[PDB]
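Undergrad: first piece of the complex, coordinates kept as in the full assembly:
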Amino acid sequence: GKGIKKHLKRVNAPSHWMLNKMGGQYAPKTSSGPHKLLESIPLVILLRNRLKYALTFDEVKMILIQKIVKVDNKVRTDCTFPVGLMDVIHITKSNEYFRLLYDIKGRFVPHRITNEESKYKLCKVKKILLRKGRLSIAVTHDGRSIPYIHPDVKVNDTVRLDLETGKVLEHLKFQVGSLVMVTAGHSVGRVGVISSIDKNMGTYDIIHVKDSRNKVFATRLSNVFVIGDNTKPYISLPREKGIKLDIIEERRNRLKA
Amino acid sequence: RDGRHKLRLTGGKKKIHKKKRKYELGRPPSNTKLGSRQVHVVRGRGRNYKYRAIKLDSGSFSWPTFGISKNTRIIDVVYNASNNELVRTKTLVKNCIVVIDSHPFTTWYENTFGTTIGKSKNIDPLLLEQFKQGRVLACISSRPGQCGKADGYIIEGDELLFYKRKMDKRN
Amino acid sequence: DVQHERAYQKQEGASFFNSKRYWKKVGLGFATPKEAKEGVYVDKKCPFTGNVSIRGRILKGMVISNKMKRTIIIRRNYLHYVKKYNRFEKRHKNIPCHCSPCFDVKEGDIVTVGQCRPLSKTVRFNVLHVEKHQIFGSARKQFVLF
């Protein structure tokens, strides 16, 4: 016939899966679900290839049957389920909580998080729709639907979201003084303050972002994730704090240990 | 069927490969005539259901000027914009001119305002003259071949004048 | 006046029995022409009063032919870089484009067209702005560098 393609070659899979050349022929194909294929990881990769609690896909299946993994406060059950851009992985046997974040090279690391901050997540809204009876709803990059959102919150504003009720605690404006995290552009995996906004009719919109070392780079509006307000990042950043060393310096640092 | 296997923009005869795909469709055309309501269900791609009315007679007709509708039997097909064949054969199609039995509207007006919402817009004499003789000229608006019913509106003013002149120099 | 093709012509979405004609704003920094707006004409593929709308690319071209009902043929001339010789050569492409009754377009006029949903087999742009400009010789042989 000519249906949907269900297979995925290991070579054809995203580079940031970080799989080798010689390990079989087919990758896990992510199931359909709350984050885009190219913009996630399948849970198998997280358990086996990153954390190393399984050496085989089979061990991942054995782990998954046991209801000891929870993503987003709820138990999950399919191996190929997506990890998502911002979420909380909870491994209940050893009492470990991870929040998923980007490094500074462009791949996902599971980052050790305290029990207290584990009970919330950060959700970018992609759209806001007006549904019957004049009740607004917001639509998230986390695949999740938000009923009864503030009219004060607009499309690029992010929102802090509880995991027990699924309701909003507060929100972070996309104002030109807010911390932004880069999600998929060439300079993916950085944090900066938002210098400047440029609006182009009918076409892509670019935002100029400044690093803590005062380096500047530009990036496309589509992939920009608000991550706090000028006081602090609202979730705990991983080790390099979103700050990218330049290659020469990085190699110089590596040697000088 | 759809979208290829006809000549190049230059006038050239473009080659063919890619054997006809199902998603082209080009489903067989339906006439639909004036009789007793009879409709067939059609299963369209992706499980879109459509309704094939093959005969009809009873529509939803709207008096646009007062924004109100009544259901009425449709007396005859009298003019078609496109080919004369459809009107001759007594077959309905979207933009066709039929005649409706005006007793519902007449009854409504008498009940509501009196005499044979946004009140008192005062009819039109030409339309009124038609109205006394009890069967009134209307344009079907909905698509019978898609929607399984034929729904329309009473013609008015300038549009009315145009259809009257074309329909009936004059042979 | 306007209509005499064998179906009534209406300007749908104008409305007639309540309110207090019809035209739209087109955007992208273009200006809705006065001659479109206070003109009386009826159309369906006109970008200032049809159901059609502009989205996609915006290009400038030269009009070659005016001789179909409301439809024009524009040539885009351009310079093609040839890697072997570090040099250019002229090449060109015709885009058949819908017009409007609003403009009055003469062979050799410059026009700014926009992309839109397919309106005929090869009619896939529609004119947004008429930049008037006299030409010498024949437009088919002419070269403008836009």
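TA: Alright, I've got the coordinates. Numbering: from 1, shown residues only, chains lettered A, B, ... in the order given.
Undergrad: how much space separates whichever residue of chain B sits closest to chain A from chain C?
TA: Nearest residue of chain B to chain A, counting by Cβ to the nearest Cβ: residue B:21, 8.0 Å away. Any C-beta I mention is one placed from the backbone N, CA and C, and that applies to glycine too. Separation of residue B:21 from chain C (Cβ to the nearest Cβ, to the nearest Å): 19 Å.
Undergrad: tell me how many other residues crowd that residue.
TA: A count of nearby residues for residue B:21, using other Cβ atoms under 10 Å in any protein chain shown, gives 12.
Undergrad: please apply the same query to residue C:129.
TA: Around residue C:129 there are 15 residues (other Cβ under 10 Å).
Undergrad: partners of the residue nearest to it when sequence neighbours are not counted in the sheet?
TA: Among residues not flanking residue C:129 along the chain, residue C:112 sits closest, at 4.0 Å (Cβ to Cβ, 6 or more residues apart in numbering or on different chains). Beta-bridge pairing for residue C:112 (DSSP bridges): residue C:60, residue C:129.
Undergrad: now do the contacts for the spatially most central residue of chain B.
TA: Among the residues of chain B, the one closest to the centroid is residue B:140, at 2.7 Å (Cα atoms, centre = their mean). By Cβ atoms under 8 Å, 6 or more residues apart in numbering or on different chains, the contact set of residue B:140 is B:59, B:92, B:93, B:94, B:95, B:96, B:97, B:98, B:150, B:151, B:152.
Undergrad: secondary structure class for the fourth one?
TA: Reduced to three states with DSSP: H, G, I helix; E, B strand; the rest coil, the structure at residue B:94 is coil.
Undergrad: could you also fit RNA strand D onto it:
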RNA sequence: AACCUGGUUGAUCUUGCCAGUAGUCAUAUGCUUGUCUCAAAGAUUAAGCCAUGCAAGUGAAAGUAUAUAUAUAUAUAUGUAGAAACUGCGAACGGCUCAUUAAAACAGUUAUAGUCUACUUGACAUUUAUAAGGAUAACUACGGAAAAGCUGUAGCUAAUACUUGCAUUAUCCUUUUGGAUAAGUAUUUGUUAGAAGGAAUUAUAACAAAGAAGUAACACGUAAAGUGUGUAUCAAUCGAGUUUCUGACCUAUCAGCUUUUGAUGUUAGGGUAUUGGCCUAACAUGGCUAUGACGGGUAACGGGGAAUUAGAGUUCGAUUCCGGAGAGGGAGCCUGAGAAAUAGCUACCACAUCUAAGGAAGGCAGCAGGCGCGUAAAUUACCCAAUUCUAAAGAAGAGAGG
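TA: Putting RNA strand D onto the chains we already have gives this:
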């Protein structure tokens, strides 16, 4: 490593070729071959033909068991297994070839305000009931036909298969509250009113008509109140179709092509999932062309890329990935979210197997293996452990794959 030599003559210097030299993820072949790692391999010739075997199924809390087997407590209670079968979901992916095909397909680049979208995700629904209607399989009995994944009767009986169908909430006023009134999701029509996008005939709100479809008569036992399965609308998602722009080999001993048989446009329809000559009718008389149209050739699938390169380049790309195309040649169809599907189907032509001659069954460019073609190419191997996929998803399957 940005390299040159021998050959016109009696001797000479040029021009000029031929000859040498090296490489070639580029084939063949001759001789020889001790090791070890690594590993291409019936593409060029015949998209030629195929014997035999294998290559897609699926039930570990959770639709259906008086076939049958079984463990505890007192014929009864619970349960536990369960051949068989209906039903469900997949089998529309994979894998293989490269014949077709030169603005086609393809690559980057748009658009979808022109649309469809199962599984999965998150929001979350409206005009007899202490529990409803049959009829059917397996199964039983009698059978038929040389033979086929042939199936005839008649008697049974279930289902998350098929089929019915049961309240109650919301609006306005005195003023926590006391009264009155409303009450169809898509979809489609007519009428108007008008959180966002560059731009709305958009989201949306009202009025008057029609209106699908639904909102549990289903299964477990979960938290020291839960799960499965089905389900309307929206969004998300895995995607798909169209679609903008720009990019190609050789040929002028192919120069005018295209328009009755849609060519180019306008209007109106029909059709589509949707736009459109996509298709019908009526009307225009256009559209393309030496900046090479229209033809012809290609021992031409495209690209990522490959070989050779000092720098330009030149040749190559069946072949690991992506995309396209096709399943002997053409054509037409069913089902379903997804197919013009080929280990779905119907027919023709070209081939061709079994037959007691009445009829029946067929498609290796899946993997093996055979014949033929040839310059030219491997085992009828072992295994589902890994890699992954499909399932009622651990536990089963997979010549996908190792």
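Undergrad: the neighbour count of residue C:129 again please, this time with RNA strand D.
TA: 15.
Undergrad: can the biggest strand by length in chain B be said to contact RNA strand D?
TA: When chain B is parsed with DSSP state E, its longest strand is strand B:68-79. Yes: judged by Cβ under 7 Å from any atom of the strand, strand B:68-79 and RNA strand D are in contact via B:68, B:69, B:70, B:71.
Undergrad: any idea what the third one is bridged to?
TA: Spelled out, it's residue B:70. Beta-bridge partners, per DSSP bridges, of residue B:70: residue B:61.
Undergrad: residues near it, how many?
TA: The tally of other residues near residue B:70 (other Cβ under 10 Å) stands at 18.
Undergrad: what does the second one give?
TA: Residue B:69: 18 surrounding residues under other Cβ under 10 Å.
Undergrad: gap between it and residue B:138?
TA: 12 Å (Cβ to Cβ, to the nearest Å).
Undergrad: how about the first one?
TA: Residue B:68 sits 14 Å away from residue B:138, going by Cβ to Cβ.
Undergrad: the more surrounded of these two?
TA: Shown here are residue B:68 and residue B:138; by other Cβ under 10 Å, residue B:138 has more neighbours (25 against 15).
Undergrad: how close does that one get to residue A:168?
TA: 53 Å.
Undergrad: before we move on, what about residue A:217?
TA: The gap separating residue A:217 from residue A:168 is 31 Å, by Cβ to Cβ.
Undergrad: how about the residue nearest to residue A:191 when sequence neighbours are not counted, what does it touch?
TA: In this structure, residue A:191 finds its nearest non-sequential neighbour in residue A:242, 2.9 Å apart by Cβ to Cβ, 6+ apart. Counting by Cβ under 8 Å, 6+ apart, residue A:242 makes contact with A:104, A:181, A:189, A:190, A:191, A:192, A:233.
Undergrad: also put RNA strand E on there:
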RNA sequence: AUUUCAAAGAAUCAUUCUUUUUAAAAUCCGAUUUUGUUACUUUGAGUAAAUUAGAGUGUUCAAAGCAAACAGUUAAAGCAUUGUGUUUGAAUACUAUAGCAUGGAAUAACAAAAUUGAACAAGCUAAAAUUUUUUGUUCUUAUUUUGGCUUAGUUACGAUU
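TA: Okay, here's RNA strand E dropped in alongside the others:
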């Protein structure tokens, strides 16, 4: 061919690189900031991996791979409030000329360009805004102010060799 030439300061080794100011209009509170199109060019953005160039890494060496390293005859050490091995690596670039955004002085094009075309000040005129408002569920009217248009004046008024 031609339409904006230059001048001053600091760094550095004698040169080099860098900054300041110098016409005119509009605009903003005597001071503050905007000004043809396009090619071209610069940065950027957004780019599948394998391949390829390439950083890291003693596969026994190499072809390679994408890993690994460290301490410990079995514990120290660290840090967790009697428990827990620790550091990690999988960079970078390229990914047409076309398309997208972007700084630009030169070089090119092109636009604008006198059997004539302006720019402003004055006055009249028709459109809009502002203030008022006739009359027992609502129909009017009236002054003023702003953009468009008809008509004398006034400017370094207007054309490179």
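Undergrad: what do you get for the contacts of residue A:242 once RNA strand E is counted?
TA: For residue A:242, counting by Cβ under 8 Å, 6+ apart, the contacting residues are A:104, A:181, A:189, A:190, A:191, A:192, A:233.
Undergrad: let's have those residues in CSV, adding neighbour count and distance to residue A:27.
TA: Output for these, formatted as CSV (neighbours: other Cβ atoms under 10 Å in any protein chain shown; distance: Cβ to Cβ, whole Å):
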residue, neighbour count, distance to residue A:27
A:104, 19, 25
A:181, 27, 27
A:189, 23, 22
A:190, 22, 27
A:191, 24, 30
A:192, 26, 33
A:233, 15, 32
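Undergrad: between these, which is nearest residue B:120?
TA: Set against residue B:120, the nearest of the contacts of residue A:242 by Cβ to Cβ is residue A:181 (64.3 Å).
Undergrad: and the next element down the chain from the one helix or strand that closest one maps to?
TA: Following DSSP states H and E, one finds residue A:181 within strand A:178-182. Helices and strands here follow DSSP H and E; after strand A:178-182, the next one along the chain is strand A:191-192.
Undergrad: what does that next one rub up against?
TA: Under Cβ under 8 Å, 6+ apart, the answer for strand A:191-192 is A:179-182, A:209-212, A:217, A:227, A:233, A:237, A:241-243.
Undergrad: that one near RNA strand E at all?
TA: No: using Cβ under 7 Å from any atom of the strand, strand A:191-192 stays clear of RNA strand E, coming no nearer than 12.4 Å.
Undergrad: pull up the pairing partners for that strand, direction included.
TA: Here strand A:191-192 is paired, per DSSP bridges, with strand A:178-182 (antiparallel).
Undergrad: strands of chain B, start to end?
TA: Shown for chain B, the strands assigned by DSSP E span residues B:33-34, B:38-44, B:48-56, B:58-63, B:68-79, B:97-101, B:135-140, B:152-154.
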